[PDB]
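A short write-up of the structure that comes next.
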There are 2 protein chains.
Amino acid sequence: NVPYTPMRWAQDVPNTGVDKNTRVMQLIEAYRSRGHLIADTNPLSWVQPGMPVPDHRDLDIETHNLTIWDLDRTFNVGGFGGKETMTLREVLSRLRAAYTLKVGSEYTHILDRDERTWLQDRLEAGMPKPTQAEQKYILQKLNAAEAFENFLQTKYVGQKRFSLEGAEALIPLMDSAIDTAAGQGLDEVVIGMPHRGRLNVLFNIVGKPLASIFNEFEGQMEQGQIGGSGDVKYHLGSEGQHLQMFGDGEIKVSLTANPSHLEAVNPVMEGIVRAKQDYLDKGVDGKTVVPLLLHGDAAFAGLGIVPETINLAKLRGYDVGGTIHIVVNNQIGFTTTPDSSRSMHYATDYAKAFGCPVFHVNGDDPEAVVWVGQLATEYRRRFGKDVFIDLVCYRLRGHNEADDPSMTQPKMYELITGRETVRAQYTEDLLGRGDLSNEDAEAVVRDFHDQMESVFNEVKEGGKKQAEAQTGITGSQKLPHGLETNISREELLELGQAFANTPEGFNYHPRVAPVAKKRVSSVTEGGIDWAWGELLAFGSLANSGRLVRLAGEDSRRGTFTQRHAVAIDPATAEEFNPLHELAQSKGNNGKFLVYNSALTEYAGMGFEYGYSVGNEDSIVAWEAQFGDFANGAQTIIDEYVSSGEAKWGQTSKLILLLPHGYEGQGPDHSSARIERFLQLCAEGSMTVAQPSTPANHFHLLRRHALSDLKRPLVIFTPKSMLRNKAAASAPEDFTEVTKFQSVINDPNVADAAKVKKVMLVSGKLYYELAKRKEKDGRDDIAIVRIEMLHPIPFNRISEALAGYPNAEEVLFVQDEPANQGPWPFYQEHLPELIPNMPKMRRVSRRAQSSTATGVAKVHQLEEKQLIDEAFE
Amino acid sequence: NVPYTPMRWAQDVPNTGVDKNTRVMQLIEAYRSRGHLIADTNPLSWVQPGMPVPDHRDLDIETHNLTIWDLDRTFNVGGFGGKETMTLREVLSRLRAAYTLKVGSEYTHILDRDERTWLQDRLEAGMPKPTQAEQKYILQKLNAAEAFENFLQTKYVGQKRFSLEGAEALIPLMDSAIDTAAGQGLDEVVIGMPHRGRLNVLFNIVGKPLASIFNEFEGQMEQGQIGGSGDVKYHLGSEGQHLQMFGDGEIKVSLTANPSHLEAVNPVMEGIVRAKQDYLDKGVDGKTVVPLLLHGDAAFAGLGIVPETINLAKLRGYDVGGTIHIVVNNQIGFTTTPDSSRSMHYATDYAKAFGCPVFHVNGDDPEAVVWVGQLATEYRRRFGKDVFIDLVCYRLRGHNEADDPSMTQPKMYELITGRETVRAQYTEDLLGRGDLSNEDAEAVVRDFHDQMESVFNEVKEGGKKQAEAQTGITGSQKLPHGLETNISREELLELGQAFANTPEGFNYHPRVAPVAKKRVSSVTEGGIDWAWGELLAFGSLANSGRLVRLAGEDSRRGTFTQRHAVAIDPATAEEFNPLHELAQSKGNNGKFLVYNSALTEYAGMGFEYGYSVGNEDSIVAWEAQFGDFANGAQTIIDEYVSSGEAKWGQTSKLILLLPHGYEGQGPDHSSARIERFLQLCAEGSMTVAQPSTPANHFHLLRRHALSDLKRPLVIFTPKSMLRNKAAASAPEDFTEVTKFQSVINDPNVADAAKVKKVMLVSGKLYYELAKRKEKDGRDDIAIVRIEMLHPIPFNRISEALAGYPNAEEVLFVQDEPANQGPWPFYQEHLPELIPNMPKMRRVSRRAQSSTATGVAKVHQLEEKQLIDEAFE
Ligand SMILES: CC(=O)SCCNC(=O)CCNC(=O)[C@H](O)C(C)(C)COP(=O)(O)OP(=O)(O)OC[C@H]1O[C@@H](n2cnc3c(N)ncnc32)[C@H](O)[C@@H]1OP(=O)(O)O
Ligand SMILES: CC(=O)SCCNC(=O)CCNC(=O)[C@H](O)C(C)(C)COP(=O)(O)OP(=O)(O)OC[C@H]1O[C@@H](n2cnc3c(N)ncnc32)[C@H](O)[C@@H]1OP(=O)(O)O
Ligand SMILES: CC1=C(CCOP(=O)(O)OP(=O)(O)O)S[C@H]([C@](O)(CCC(=O)O)P(=O)(O)O)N1Cc1cnc(C)nc1N
Ligand SMILES: CC1=C(CCOP(=O)(O)OP(=O)(O)O)S[C@H]([C@](O)(CCC(=O)O)P(=O)(O)O)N1Cc1cnc(C)nc1N
Ligand SMILES: [Mg+2]
Ligand SMILES: [Mg+2]
């Protein structure tokens, strides 16, 4: 059992052509670059049959024209090993000690010279010898891991737990990293991980009490929100403290919640970290919250969210100072082996796309594992980049504890069954080297088992409760009754004047200057448009002293060239952000931050959700270029935004701004899928709205921000109505009107006793129907608008209908096809809530498989037909 | 304007320590590895302000301790340049000619020695000088590109076309690659691409007639399917032939359809290629259909589908012999620059994760572009791997032709406005070197313009038609009336006996052997379960002579350990596929292929959709581990599967198998979201079903396969009912019953005149209600099952209800919450279709924000409450 190729027999060759010193230097470079391909990193003696084996002919002395006859000759090595001269025997020895034992490293692809040299120096110095105290501490942690698993196996046989057996070195690795961070003087560590070994991490790393875990197994679950539904035990989070064992340091540790969908926690936990860093506010030399992110091998290589999130690491609005990644490589999926899971040689090969180091380490050598953890944390602190650790281990049982792995992997499980554990091997080693006594070794085991037995008995004394029905979360938060959302006239003029206080030598671009002038004049003359209404809202909130953050694709200028939140000087390329300046000059320390995102919907929306969870007192908004591209973030919508409160008791106030409208641009630029969002709504989970005037948009946003109802808000925003002159607002609407309106009654009804038809509408189609009514002089019709779709304002709708006593019909008019838009929701729910209402009649486009037509002439024909049908 | 750092002044150094020959060898290695960092590949003199600049101190002679005094001395270079000895002046010259001009290359990261040597030899030989005929051909192609764009600009000013101006070298690049493929003797080239320069490629590469394009601009659109909706002009496909200009070769060229959602065509076009290769059947040395895939720079780096699809390249069921990728790098998104779009240095850095070569080429040197195209196609044919080309160019106008790019990028568009085009520069060069006459140069322009003017006038003679309403696609395909789907008794016994004809020294695993025995005995005794019903269907179809393909996560064994389509011997690890063997021994050349996929839903389902389009006569099925994870492939469901026929006239017969059932495993293992699929259905777009017996599943699959209705099928499959003994089927049900049943009436009604309540149900809840009915001895109830959900079988439901004349109530019973499951669809549609039916009454779980509870005791309590409510 020796791992190297034996020395071969050959004749001595002459020192001609390429000199032999040159050849020895090439051998050194080869080992530094490709030595990991023959390192002792696999605990099993296993090669997967279907996988290609890389060429490693570069690592034998024959390929560099050297021979056994050169082993005792001396050569110039140019500072290798801190020496100017050396023999080939000593060169080989050192290279093999550094690059071919229990740690394999990839770092030569890095472009910066100082980085490379830092890593090179530390790897060739070697792992320092630990003290006896340190060694005993590692043994305690290994014991705790294995003991916990065995206890649960004994007391609860069939139950699903996803064990960590085969990979117990994870516990001392994570502990090493957290301990190093505490020594550096940082503030917090945030963890995200999957199912494998979660209960073990909760107990041994975070410090969740043992009584809680046992209760979970007996069927008593802790409640997150009153009347909540809940979730399985391996999807929950917690908080705790960590004290340094051989130091005076202390750090906070947290673990976040997540669904079954693998790798969906990656963008969410990045956002949490960024929000926490922003709150502490320590500048560029800060970055004092550390992200620690665990993965599995099959998921890491397969799912595309992983590289998508790593791509945000060095960008202006997303940087968090680097992430420490750990891949638990147990060499198997569920019943699938690496030959069917990836086309890369290693699972961690995405690192080479981003220019980051990789360390592969054997999971049966605990001292090496602890060293690698420390080295990774130090690299992050110095260089501020991502680092990747690959922990090579195995899975002792099946995927779960009810499965038989021999059916599909017979040969692999001949090697696994009947091995001795990592705890056993390490205990044997220490006793052998005289580093530990037998009395000590036995006490370590006995003490921990006594602790667990004690707690278990205490838990079983208390009787088991019986099941009870879950009520719901509808009334678990209060509504802001009697809150006023108007600003003063002084405040409105100051906001307007922010676009005139340009810096010293700044000028606007010729096509932007008219927009700025209109903003200064409108706050006293009238004609405020949609975009200026939105900015007035965010600006007012920033003045009061809040952190406002807006992010999305092309969101600084706007997709429709309407926002201009940051302006650029054509001559010098200087930037200017008016509202941020004004906020910072009022002494409440408010901020207005605007960012252009990368081209992602899954990672984009995920990051913003996380930001909302990490700072409860911030105002966050994500924008989509068109609302049609939001289906690329469906996982986030379904698993976090819509259902997080009911499952885990995690609350959020994220705002989604989704453009919407039927205007003839085709099937992927028309519909944000209102029907889909209205399906997800129940128990008052989130608010859904589609306002028709800038002032109403203003009032909706401000109500959300100033209330104490912590639930999301989804707004369907316009595209062509942005520049419609009939939709503009007057200043009195921002300063004298006090509240948001959920239903707006018809403002052009002469006599209410002559009305015989009522039309209900939502959004931009109002302005077409009103136009036609005026032209044809109809005094028997009344158009009523619905601004808030969910929850249903049935009291106001009832009040409006009651104002027209001679009405005979009610028409529901929408632009969308009959199987889309708000009609399906309303035809089901509204008749029950208003019993005395006449039967409703739909007027819309026909039902379709696609969203809209692709021909523009057909769109125009359809619209004419629709409005004609509405007016008999 | 010289691009190199000037030589510096210094003293001559002694030849001590590390020898100078060693230093010259290190300089050679540095240029081969990192020389691309200073190459002349950018047409503009532009450096983006916010982006980090890599260290390139490795490329100057000072860092290797050499000096101007070494330039004329001679050194040993070990075969570089085919010489044993050389001067430093000549070494620098050659290195700079190979790695620092108009082509920059990355290839040193490749692990195989033979690959590296092949590339190294060709790059250092250089680009061969082209003939005069070849040169004139390049000029014709450049002219065609620019001329086409200018014509459209003149005749249709405002209209959106997404121009290729700034990147016209794409046309000769694509032509070079296709021409090389024709010379190799291959069969077809399949193209997938986005919006940028699509109309140009359709005309100049594929050969779509010019009349068609002009008609599109005037509003007349070609119809795909009768009564279809359509799509915009830059989302369409076509077919054509390509003849070799200087050869006797000929090849077929195709371009596929796609939605606005970027990069969603990647898995689809890979599947198309694989299906076409499988049909030709030329073995391992074949792979004679070439995939050519175009991208944009922002999308390539940002979206996660890109690396997810590249990961399938070398896997057993997905390999297509390599893909040629072209990234059109115009150094801008919409209004977003690279500093805000990616954290990688180049856009093509994912290549280094997979071990593939990259070529960067200047878009203003057409001869270099043509060379790179040829070299890439040759590399693919020899090594069978992916290759990446980065074409560096610019965007002349704004994102579209109605946008002003100066507002956000002032300085960049000072360099762009008023340049001379690539056609102009190349014409000037050829006239300068005396390779072309002026008469020739003028004819090239005049002839093409005359051709375009001719066609345009012809198109405008014919009058413009007026718009007309679009009818729908419901009746555009026929239904299989009077088709019988039963097999003979001889056929059924043969299928059963396939599991007894094991190979020579093969034995089953002990826990699999009972399943095989039961399969042999059941085809005569009874008790056929769900899994055996499914396999009997696919097996029968394979025998008749069809290619049957099944793919999904853990689909060979099955998630619930139920399928065992391929078995493994514990002693030798040999594999056995019974049904494939039987099919191949019947002389119709049928196949049964089963594959375990990687852990992806987006790339997985996309690949199978593509396979169905590439071979219309195959049976394809994609399976999900649980139906809850299908929301990760929402883009494919919404943009291709549900709506492809209505938009482009592209038909498919894909089968989706999605597990479903409420059994107490929590919110991410319970619901496949039936309500969402039923929203998407309209115009008879696809079939949706939930059968309750194995024989019915058999008949449904066979009807789909043998009919001439080319639309998808979505089936909701069971989890616990797989092993329910009350659900098993007898052999007569496969051989004497002739058709699939859409409604199954109650088989335990003694007297029909005593029934006073009718219950409607679908799926596994039937077996609970029937159980209770028998226990309590209720003769006033009748339970009726609905097997096909869409389209609605209203004639059969009416017939069933008419059989109970004294019925007073109708109850709709489901397990799902009230805002989920089939209730929303049915409460809307069914009362209209059956006017005389009593009012329906729902019996279900309450409406919820999440899918299901997380506690198991609560699940049991809910189920009891539900069934009690049903029976008064
Ligand atoms: C969805 C959520 O996040 S909370 C929903 C919780 N409640 C329910 O779902 C109960 C069922 N729903 C209902 O009874 C109704 O739909 C209601 C009460 C929510 C609204 O019906 P109406 O009375 O017709 O609407 P109206 O606009 O008059 O609302 C009255 C008050 O509720 C407040 N309100 C209503 N919806 C919201 C909301 N989403 N956020 C904040 N305040 C709200 C209004 O500000 C108003 O306050 P006021 O006392 O100053 O007038
Ligand atoms: C969804 C698609 O891809 S095709 C749908 C096209 N047609 C429509 O949408 C029209 C509206 N729908 C309807 O009229 C009804 O729902 C129908 C006719 C489709 C079925 O209603 P019923 O008559 O109650 O159902 P029933 O099961 O008796 O169907 C009768 C025949 O239709 C055939 N059929 C019905 N649905 C399908 C289907 N999805 N695929 C194939 N054949 C079908 C049956 O095989 C049967 O053939 P038979 O004459 O040999 O017995
Ligand atoms: C395919 C799959 C698993 C295999 C993971 O392999 P690897 O990453 O190597 O991990 P490890 O097991 O080696 O540590 S676990 C898991 C599942 O969902 C796990 C349960 C859960 O995490 O909720 P299951 O119950 O269906 O098996 N599952 C189904 C699944 C599929 N696709 C997604 C996106 N998410 C999933 N949860
Ligand atoms: C963000 C975005 C575009 C920029 C692409 O930049 P790059 O990849 O560098 O290409 P190029 O333009 O430099 O060649 S084009 C496009 C859009 O949808 C294009 C239209 C279309 O392709 O259908 P739009 O009309 O909203 O701008 N769009 C919106 C968009 C967003 N997200 C997805 C998944 N798909 C999209 N179509
Ligand atoms: Mg694994
Ligand atoms: Mg671009």
Side-chain angles (χ1 to χ4, degrees), chain A residues 51-52 263 298-311 338-354 599-600, chain B residues 106-107 109-111 190-194 262-274 287 290-327 342 344 346-359 376 379-380 383-390 597-607 610 633 635-636:
Chain A
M51 290 194 86
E263 302 287 9
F300 191 87
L303 294 169
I305 191 63
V306 173
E308 191 169 306
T309 305
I310 297 163
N311 190 46
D339 59 356
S340 305
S341 296
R342 66 179 188 253
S343 294
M344 298 174 292
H345 178 53
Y346 296 119
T348 51
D349 275 2
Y350 286 132
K352 294 181 185 64
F354 293 105
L599 209 168
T600 59
Chain B
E106 305 191 69
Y107 72 96
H109 59 284
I110 293 168
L111 287 183
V190 178
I191 300 168
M193 64 177 293
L262 289 167
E263 302 287 9
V265 67
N266 296 11
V268 175
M269 68 101 72
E270 292 289 347
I272 290 167
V273 169
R274 178 68 187 225
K287 290 159 191 301
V290 177
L292 191 70
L293 186 50
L294 272 61
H295 309 272
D297 53 6
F300 191 87
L303 294 169
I305 191 64
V306 173
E308 191 169 306
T309 305
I310 297 163
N311 190 45
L312 300 181
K314 292 262 60 179
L315 296 183
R316 187 181 153 256
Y318 299 85
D319 189 341
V320 290
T323 305
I324 304 175
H325 297 264
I326 298 173
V327 181
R342 66 179 188 253
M344 297 174 292
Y346 296 119
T348 51
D349 275 2
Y350 286 132
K352 294 181 185 64
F354 293 105
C356 301
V358 189
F359 301 116
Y379 172 92
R380 184 209 165 249
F383 291 107
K385 286 173 63 180
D386 290 351
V387 59
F388 295 80
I389 301 170
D390 179 353
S597 69
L599 209 168
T600 59
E601 283 84 2
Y602 191 170
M605 191 195 299
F607 193 98
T635 302
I636 301 295

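Just so we're on the same page: letters track the sequence lines, and every chain starts at 1.
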(message) Looking at B:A347, is its backbone amide N or carbonyl O close enough to the side chain of B:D297 to form a donor-acceptor pair, meaning the two atoms are under 3.5 Å apart?
(response) no

(request) Give the minimum heavy-atom separation between B:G322 and B:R380, together with the two atoms involved. (result) O-NE, 3.3 Å

(message) Please report the interatomic distance OH(B:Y318) to CZ(B:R316), rounded to the nearest 0.5 Å.
(response) 11.0 Å

(request) Evaluate the side-chain proximity of B:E308 to B:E601: yes if any heavy-atom separation is below 4.5 Å, no if none is. (result) no

(request) Search all heavy atoms of B:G296 against all heavy atoms of B:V327 and return the closest pair with its distance. (result) C-CG1, 4.3 Å

(request) Report yes or no: does B:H325 contribute a side-chain atom to a donor-acceptor pair with the main-chain N or O of B:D390 at less than 3.5 Å? (result) no

(message) Any side-chain to backbone donor/acceptor pair from B:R274 onto B:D319? Under 3.5 Å, distance only.
(response) yes

(request) Any chance you could measure B:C356, atom SG, to B:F383, atom CZ, to the nearest 0.5 Å? (result) 12.5 Å

(request) Check whether any side-chain heavy atom of B:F388 lies under 4.5 Å from a side-chain heavy atom of B:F300, and answer yes or no. (result) yes

(request) Please round to the nearest 0.5 Å and tell me the distance separating atom CD1 of B:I324 and atom CD1 of B:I389. (result) 7.0 Å

(message) Side chains of B:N266 and B:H295, heavy atoms from C-beta outward: is any pair under 4.5 Å?
(response) yes

(request) Report yes if some heavy atom in the side chain of B:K385 is under 4.5 Å from a heavy atom in the side chain of A:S343; otherwise report no. (result) no

(request) Please name the pair of heavy atoms, one in B:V387 and one in B:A376, separated by the smallest distance, quoted to 0.1 Å. (result) CG1-O, 3.9 Å

(message) Is any side-chain heavy atom of B:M269 closer than 4.5 Å to one of B:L293?
(response) yes

(message) Give me the atom names and distance for the closest heavy-atom approach of B:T635 to B:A264.
(response) CG2-CB, 4.4 Å

(request) Ignoring hydrogens and angles, tell me if any N or O in the side chain of B:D386 forms a donor-acceptor pair with the backbone of B:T323 under 3.5 Å. (result) yes

(message) Ignoring hydrogens, what is the shortest heavy-atom contact between B:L312 and B:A598? Give both atom names and the distance.
(response) CD2-CB, 4.3 Å

(message) Measuring from atom CG of A:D339 to atom CE of A:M51, what distance do you get when rounded to the nearest 0.5 angstrom?
(response) 7.0 Å

(request) Starting at OG of A:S341, measure out to CG of B:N311 and round the result to the nearest 0.5 Å. (result) 9.0 Å

(request) Please determine which of B:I305, B:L303, B:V306 meets the side chain to side chain contact (heavy atoms under 4.5 Å, CB included) test together with B:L262. (result) B:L303

(request) Taking the side chain as every heavy atom from C-beta outward, state whether B:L294 and B:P194 have any atom pair closer than 4.5 Å. (result) yes

(request) Of all the heavy-atom pairs spanning B:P307 and B:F354, show the shortest one and how long it is. (result) O-CZ, 3.8 Å

(request) Would you indicate whether the side-chain heavy atoms of B:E106 and B:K352 approach each other to under 4.5 Å? (result) yes

(request) Measure the shortest side-chain to side-chain distance between A:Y350 and A:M344 over non-hydrogen atoms and say whether it is less than 4.5 angstrom. (result) yes

